[PDB]
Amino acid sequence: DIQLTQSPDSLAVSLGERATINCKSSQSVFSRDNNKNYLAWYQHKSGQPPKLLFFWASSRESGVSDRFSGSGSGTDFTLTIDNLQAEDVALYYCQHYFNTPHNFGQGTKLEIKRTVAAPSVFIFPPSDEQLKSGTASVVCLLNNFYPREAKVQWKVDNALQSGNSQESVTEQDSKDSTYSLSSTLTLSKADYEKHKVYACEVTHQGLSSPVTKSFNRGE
């Protein structure tokens, strides 16, 4: 049983710079008969199946950018990505196929570092459709920001809310390298009607002050 260990586990690299992932085998996967290394590299983007980049350790797959290069021999292999582009954001895997089982390395997450971008903030009162079913979800959207650290606080009639909201963050975008975040305040219809002003307050390092987006119920 041959195992692969990748280093580092995680990686944040600026656009246009070089990324380097190492892969080390517990046993050599070099065959002198072949003069080949039984190793492959894969790219796994969010929402996509894994994609083969290199086989025989260093043979570039047809259609794979010249910016990618695979090197190494025996137990020691390297994937290099020059001039990092936005679309390179992904998990990267090495795999051996020297004997069975054909194990993968544990994976390396590549994050793209871009310039600081403040979130654009949008808010949505509950739909009339939802309210008819007895519940009110208020959605606050923080769009296209970098870096990932962003906080949302809900205020209802200027009272800080706690324990009635959920949030979710996207994966990093393949085109503009940003994140987006949704925060949803969920109340009963009866509770939603006790109050007038619903406010989402957003903090991010690309902002100099907390940004508030609010509406009055029924407007």
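From 1 onward, residues are counted along the sequence shown.
Taking the PDB entry as given, 159-167 carries the higher mean Cα B factor of the two stretches 159-167 and 52-60. Legend: mean Cα B-factor per stretch from the PDB entry, 32-40 versus 168-176; the higher mean is in 32-40. Ranked against the other modelled residues of its chain, the C-alpha B-factor of residue 203 as given in the entry falls in the lowest third. Looking at the C-alpha B-factors along this chain, the one for residue 69 belongs to the middle third. In the deposited entry, the Cα temperature factor of residue 21 sits in the bottom third of values across the chain's modelled residues.
Sort the modelled residues of the chain by CA B factor and residue 111 lands in the middle third. Split the chain's modelled residues into thirds by C-alpha temperature factor. Residue 134 is in the highest one.
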